Each structure stands twice: as C-alpha cells, then as structure tokens.
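Taking it in order: structure first as structure tokens, then the write-up.
A short reminder: the numbers here are calculations on the coordinates, not readings from a lab. Cβ atoms come from the backbone with ideal geometry, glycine included; neighbour counts cover every protein chain shown.
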C-alpha cells in the first residue's frame, strides 16, 4: 500500500511538470507575447529618435 | 485525495498487523498460565514419592 502511494506521488510530480509546460506554451500563444512587445517598442523607439 | 486515501488504508493495514501480534501474545499468555497452574503433574509427583 505504501508502494502504491509512492507510485502515485511520481504521477503527481509528472503532472506538475506538464502543467508548467502548458503555462509556458500559453505564455507564447498569448496575444501580448514577447514578439508583439519587441516590435512595438522597436517601432516607437525609431519614432522617438 | 486518492493519495491521502491510501494513507488511511496503510494505517488500517498496520492495525491488522497489530491484531496478528496480539494473537501470538495471547497464546503465550494462555500456554504459560496453564503450565503455571498445573505446576507438578501426576507423573512428576509419582516419581518423587
């Protein structure tokens, strides 16, 4: 029974790893992602200059 | 919840281990009590006389 609980803990850790994968992917498919920010301040910096 | 449920089952199994331990201890209690009460049996008393 203790072995079963330890095995479930391994599955719990694997689930947490996949959760952070989804968080990072959602951050990249965001509308206000890194690419959008990079081009906006790039355009505005040239205008400001 | 599933992991914590297994923890409850583990201490239930530990109660079963304790029950088996008590069964052996009780048997020793009855065996030695019967020996103590009987003391010197008829064969031993016959030899002494």
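Taking the 0 to 90 degree range and rounding to the nearest ten, how far is the long axis of helix B:2-38 tilted relative to the main principal axis of chain B, both from C-alpha atoms? Result, in degrees: 0.
Could you tell me which of rounded, prolate or oblate describes chain A, using a ≥ b ≥ c as the square roots of the eigenvalues of the alpha-carbon gyration tensor, with rounded for a/c under 1.5 and, failing that, prolate when a/b is larger than b/c and oblate otherwise?
prolate
Pairwise alpha-carbon distances in the protein assembly as shown exceed 21 Å for 72% of all pairs.
Helix A:2-29 and the longest principal axis of the C-alpha atoms of chain A enclose an angle of approximately 10°. Give me the angle, in degrees from 0 to 90, between the Cα long axis of helix A:34-48 and the longest principal axis of the Cα atoms of chain A, rounded to the nearest 10. Compared with the principal axis, the helix lies near 20 degrees. Neighbouring Cβ atoms from other chains, within 10 Å of the Cβ of residues in B:10-16, number 1 on average.
With R₀ fixed at 30 Å, the C-beta to C-beta distance from residue B:17 to residue A:21 puts the FRET efficiency at about 0.10.
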